[PDB]
Structure formats: C-alpha cells, structure tokens
Amino acid sequence: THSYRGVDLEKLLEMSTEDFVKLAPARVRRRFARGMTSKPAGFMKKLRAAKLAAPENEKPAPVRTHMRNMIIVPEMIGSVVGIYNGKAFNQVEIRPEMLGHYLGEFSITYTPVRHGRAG
Amino acid sequence: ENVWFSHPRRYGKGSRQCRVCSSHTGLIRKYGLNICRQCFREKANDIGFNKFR
Amino acid sequence: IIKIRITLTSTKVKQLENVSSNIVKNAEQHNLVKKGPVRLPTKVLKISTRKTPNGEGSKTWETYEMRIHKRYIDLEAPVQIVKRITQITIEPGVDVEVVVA
Amino acid sequence: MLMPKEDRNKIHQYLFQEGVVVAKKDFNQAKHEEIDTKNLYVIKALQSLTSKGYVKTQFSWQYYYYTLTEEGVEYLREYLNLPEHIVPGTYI
Amino acid sequence: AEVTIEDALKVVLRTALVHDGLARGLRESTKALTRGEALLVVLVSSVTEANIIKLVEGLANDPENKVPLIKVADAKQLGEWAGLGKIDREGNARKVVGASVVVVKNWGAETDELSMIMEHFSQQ
Amino acid sequence: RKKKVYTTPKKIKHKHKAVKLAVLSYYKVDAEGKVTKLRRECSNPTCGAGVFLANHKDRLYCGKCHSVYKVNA
RNA sequence: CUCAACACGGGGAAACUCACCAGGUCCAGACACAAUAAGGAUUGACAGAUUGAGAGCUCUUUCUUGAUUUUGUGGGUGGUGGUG
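Below, the structure is given as structure tokens:
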C-alpha cells in the first residue's frame, strides 16, 4: 500500500508528469511552471531505454548523470541513477516514496566527521 | 564549440567588471560608475570627486 | 514671442553664476519679463570608499563629494533673439539645455 | 587563426578605409560593432599585422587602438586595392 | 619574341587571381564545371593513367553552350602561372607545389591581352 | 599543487587528421567522353548542384550544411 | 596574528566571483625558418557508439573545406603561479 497525496501507486505510473505536478508542493509547481527549455529529454530517454534491457529480472543498468537539481517524477520509479556527488557517481534505486525530492538529497557531498578515535 | 561561453552572465559579480582594470572585487556602481574601489581612488580627482570634509 | 525655459547645470559656482548673469543682462538689454534664476538645492554626491587596497591597518574611511548646482530661468522672447542668446553664453563646465515650451 | 578569407577582406578593407580600429578588448564578443565579423577576429588579425610591423597598437581601459603605419599602407594596397588611393587622414 | 609567343595566358590569369575567379586545383574546378560557371579550362600536358583527362574535358566538351579548353605543358611550371609560390626573397619563386587544373569563373578584366584568347577559341 | 596524476586512461589522443585519402572526385567516365551523376546532388536551393550526398547506411548527408540535410532514401 | 590580525581584504561566496577539488573542451602558440601540400597544407559535421551532456570530445561511416592552417625548430603570449 502506497499513495502520494491520495492517488494510488498504480494511479501514479498511469499518469503523465504534468498531472503529477498539479498536486505537488509549491517549489515543484514553480519550477515546472517556468521549466521551458530545461533539456529534460536527454536523460529521460536513457531511462526508458534501460528498462528494456532487464525483461523481468533484477534492476536495470545505472544511468549516471550530473543533474543533482532534478525533481523525481513518477516516470522515474524503478530506475537506478548514479548521482554525481562532486567526484563519484552513487547508484541509488528510485523508490516510489522519493517523489518531489531532488536527486542531490540522496548523494551526500561530504564524508561527515569522524572526529578523533583513530582506532 | 557551443559550450564555450554558454553559462549566463546576467547578474552578480561575474557579469559586471571594472572599466579600467576589469576586476570583480570592490566595484563601485553608484551613479553608473563601474570602477573598482582602488581604481576610483586613483582618479577620483579627474572625475571631479574631491574631498572636502 | 514664445514661452521658453533655460536650465543650467554645473559643478562650478564661479563659472555658472556669471553665465546666468550674462543671461539676465542680455534679458534686460532688450527688455522682457524675467522670471529670474531660481536656484535649486545643491546636490552632494558622496562616494565612501575605504582608504586602501587590502584590508590591513586601522579601518579608516574617506568620503568624496561632487557638488551639482542647478539653475533654471523661465524667459519669453521673440523667436529671432532666442538662438543668439543661447549661443553666445557657452562656457566650459556649464551644461545648458533649452526647453522649447 | 583559421579566420576565413572573406573575413580578412572585411577587416583589411576597413583598416584601409579609415586607418584606425579600436575594437573593444573582449574576446568571444560576438560580432564587433563596426565590422560585420567577430570581435575575436578583429583583435587577432591585427595582432598578426603588428608583430611584422605595418600597424601600431595602443591599449587603454580595456580597449585597443590600432594605427596604420606607412609600411602597412603600401602593403595593404596590393592586398585589396589599386595604387594612388589614400588610406589615412592624409587626404587633406 | 616580337610581341608574344603564347605569352598572354599569364596576364589572363593575373587578372583572374586579383578578382578571385581562378579556381586552382581540380576539385573546385571539377565541381565548378558541373554547375556551369566555368569559362576557361587549362589542364595539363600529361597525368598518370589518364584518370583525370576524360573527366575534365568530359565536363568541358558537353554539348550545352560551352566547350572551353586550350591545352598546357607540364604542370610544375604552371605553379608560377597560378598563385602558388611567392617571390621568396629575390629567388625565382618559393617552394612551388603542384598544379594541373586551373579554371577561371570570371575575369573582371579588359582588352587585347585577354581578348585574343577568345578569338583562339571562338575561331580556329 | 606539486604535480599531476592523470587518473584518466593515458589519452594524449587527438582528432582524426581530416583523413587523407587519395584523389576522390569521380562521377564516372565512359568512353568518349560522357559523365553521369553518382552520389546525387542536394535539394537545397543554396546548394547549386555542386555537393555530394554521402550514403552511410540508409542516410543521405550533405556537407555543405554544417549539420543536417536529410533526404533519406 | 599585541596595540598596528580575528563583520578585515569593501570577503552579505547557491552558478558566475574562484584562486580549491573530480572531470571534459579549446588555443585565444603572434612572427621567422624548414618540411608536407593543389594527385589537397587543412576545417567543419547528420545518425549511432561514447559522454554529465544536442561536446564530431574520440570512434564507425563519407561528405564538406580550401592554403588561413599542420608538423618541427626558436620564440610569442597568458598566469588570483612564487618571492611584499
């Protein structure tokens, strides 16, 4: 059982990316209101073309990218993406509850502290 | 090569620069002056900015 | 005759007041109603740079000033004498514009 | 510079036509304001002329100042024109 | 000797260089002929295998309003007749490179030193 | 900064050198003396019957254009 | 780096600034000499691979370009590189 804001997960995939934004938060609504010439087709063509590689078995091939500033839409559900942290691409499988989030939220850009305790 | 100078420069310190030395630090753009802090101080007299009080 | 207006703007007091004096002197050489020089408030243009290049030292500040003095005289004259009086009193440092109506 | 030959012709003729070029120190400046060619071409064509002579350059306040010398006016004739034509302000 | 002994083709070609009408090299000229802006072709005495011989005048002897050709001797000395090779500091020429097709599109030119070439073609 | 490591595979690789083939301008020649078009001309009004359309695999591509003239056949 | 460093470098850096890090292009290497080279010095590119990438980067392919380039030898130029 999973729904985003009242619409079911099987209603998510059978729904265009325009109708998803119409119930998104204000940042997501604003970005794609002025999202003309954002060049979204180069990355998204490589995602559906990678889903045809795996017929029924395990997760598709990773599609590595630099666009950390790209909002996750329901058409991305099930794909795996390597998100550039600044030096390295990190594969992260797009879970259905990742909607409305930026890709940079899932690839940390720093190794945190480990203050002392060399061990 | 169509990516050579493609990043936009329309606001912020990357677009504007000094008209005497082309620096981005310490710019004075009051009354459309567009001269750095250090360059303006050397030729404030020629522009007509004197120091009274 | 026609209603005219002459506006004077400069950064030099001594070079501006005598130009307006020549304007009014030519105005009652051949008499016509003056609406004489109405001095606008002087504008002080302040630029406050720090003092230096690099920030070493006591944080000392300078201020530089340019002073803009502005004067307008509202005359009326026949069309002939307008051009000559607008062309004789031309002096460096003083910017003169003449509004037709 | 690659600088295709129909753009040397625009640059060299205009230097013959007036004798001066100023041209705005800014590379990749996208169609220089006087000549119909790129501003990078104008700056780099006359650097080639200067190193061999033929023109003297002055730089001030992010602007160049190109002056055609007497060894360059004679050379630029057979490049573009016929004789008995005066490039510079020598024409009275 | 007296006036000229086939000496007039240079001043035909010198006035063709200065008005950018001379398409030296085959590939500009062979593509100039196929679209009909060639007015004179002067190719070669001899090449290897006769590979480009019938290709050039095949485009010239086509029976639509144009048969231009004369002939020329060995192409190594045609380089001076083209723009190839500078003065090279009071030498004969520079290190001249090859030749063997030069074609004029337009002369931008004038009287007898050019004119008597066309009577050599319009008449025999 | 002391030196460079170049962790990228050791690529001082450069472009193709505008690949130098032999003489190539050939329509075809029959005996005495005619010539007919092969690698046919373009439909561009600004290509005045002087350009050769390369046929790679099910493509016709012009080089007078910077990028793209596709009269595919 | 005491007064005479520490809301100071007008230093409120999301990109740009930017000098730092992981990576990709380009020459913007003038001129002179020598070589290649009009049987083409060289330049650019559709689609695919490839790539963060609609960078012809590089490769597959075969068109275009034409003497400005390329290669080598000297230099030239640039540097928020060093030395206050």
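Protein chains in written order, with the authors' numbering: chain x, 14 to 132; chain O, 4 to 56; chain C, 19 to 119; chain s, 1 to 92; chain u, 20 to 143; chain Q, 80 to 152. Think of the CB as a built atom: it goes at the ideal place given N, C-alpha and C, for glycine as much as any other residue.
Determine the extent of the alpha helix (DSSP H) in which residue i is found, giving its start and end residues.
i	result
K32/C	31 to 45
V60/u	Here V60/u belongs to no alpha helix (DSSP H); instead the beta strand (DSSP E) covers 59 to 61.
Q104/x	Segment 102 to 106 is the beta strand (DSSP E) holding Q104/x; no alpha helix (DSSP H) there.
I106/C	97 to 106
residue 1/x	No information on residue 1/x is available, as it lies outside the stretch 14 to 132 that chain x covers here.
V73/s	70 to 73
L60/x	54 to 64
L15/s	5 to 18
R113/u	Here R113/u belongs to no alpha helix (DSSP H), and DSSP marks it neither H nor E.
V41/x	39 to 46
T28/O	That residue, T28/O, is in no alpha helix (DSSP H); it is neither H nor E in DSSP.
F43/O	40 to 45
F33/x	30 to 34
Considering residue i, what are the terminal residues of the beta strand (DSSP E) in which it resides?
i	result
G19/x	No beta strand (DSSP E) contains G19/x, which DSSP labels as neither H nor E.
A42/u	41 to 43
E115/C	112 to 117
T67/C	Counting along the chain, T67/C falls outside any beta strand (DSSP E), and DSSP gives it neither H nor E.
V22/u	Premise fails: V22/u is in no beta strand (DSSP E) and is neither H nor E.
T78/x	76 to 78
May I ask you to list the residues that DSSP assigns as paired with residue i?
i	result
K61/C	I86/C
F59/s	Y64/s
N53/O	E83/C
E94/C	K21/C
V108/Q	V114/Q
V98/Q	DSSP, once it has assigned bridges, lists no residue as partnering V98/Q.
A152/Q	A152/Q pairs with nothing; no bridge assigned.
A133/Q	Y140/Q
Would DSSP call residue i helix, strand or coil?
i	result
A45/s	helix
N39/s	helix
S134/u	helix
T87/Q	coil
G117/x	helix
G77/u	helix
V122/u	strand
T125/Q	coil
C141/Q	coil
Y97/x	strand
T90/s	coil
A128/u	coil
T34/u	helix
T27/C	strand
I72/u	helix
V147/Q	coil
If I'm right that residue i touches residue j with Cβ under 8 Å, what's the distance once you round it to whole angstroms?
i	j	result
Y54/s	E71/s	6 Å
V114/C	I24/C	7 Å
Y64/s	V22/s	6 Å
residue 139/x	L65/x	Nothing can be reported for residue 139/x, as the shown portion of chain x is limited to 14 through 132.
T78/x	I96/x	7 Å
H87/C	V31/C	6 Å
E99/u	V116/u	11 Å between Cβ atoms; not a contact.
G129/Q	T53/u	6 Å
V51/C	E83/C	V51/C to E83/C, Cβ: 37 Å. No contact.
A101/u	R43/u	5 Å
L63/C	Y34/O	7 Å
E80/C	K54/O	6 Å
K116/Q	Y105/Q	Actually they are not in contact, since the Cβ atoms of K116/Q and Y105/Q sit about 11 Å apart, beyond 8 Å.
Contact between the stretch 27 to 38 of chain s and the stretch 23 to 32 of chain u is defined here as three or more beta-carbon pairs at a separation below 8 Å; is this criterion met? no
| said: Measuring CB atoms only, is the stretch 78 to 95 of chain x touching the stretch 109 to 124 of chain x, in the sense that at least three cross pairs come out at less than 8 Å? | reply: yes
Requested in this report: Spell out a yes or no on whether the stretch 90 to 100 of chain u and the stretch 122 to 130 of chain u are touching, meaning 3 or more CB-CB pairs, one atom from each, closer than 8 Å.
Outcome: no
query: With a cut-off of 8 Å, do at least 3 Cβ pairs link the stretch 50 to 57 of chain C to the stretch 23 to 31 of chain s?
result: no
> If we count Cβ pairs, one from each stretch, closer than 8 Å, do we get three or more for the stretch 35 to 53 of chain x versus the stretch 67 to 74 of chain x?
Replying inline: no
TODO: Mind the definition here: the stretch 98 to 110 of chain C touches the stretch 2 to 20 of chain s only if three or more C-beta pairs lie below 8 Å; say whether that holds.
DONE: no
_Using a Cβ distance threshold of 8 Å, determine whether the stretch 40 to 48 of chain C contacts the stretch 11 to 30 of chain O, with at least three qualifying pairs required._
no
*Is it a yes or a no for the stretch 13 to 22 of chain s touching the stretch 78 to 88 of chain s, going by three-plus beta-carbon pairs under 8 Å?*
yes
(Q) Across the stretch 61 to 77 of chain C and the stretch 37 to 44 of chain O, are there enough close Cβ pairs to call them in contact, namely three or more that are closer than 8 Å? (A) yes
Margin query: Could you check whether the stretch 131 to 142 of chain u touches the stretch 80 to 89 of chain Q, counting it as contact only if at least three pairs of C-beta atoms, one from each stretch, sit closer than 8 Å?
Written below: no
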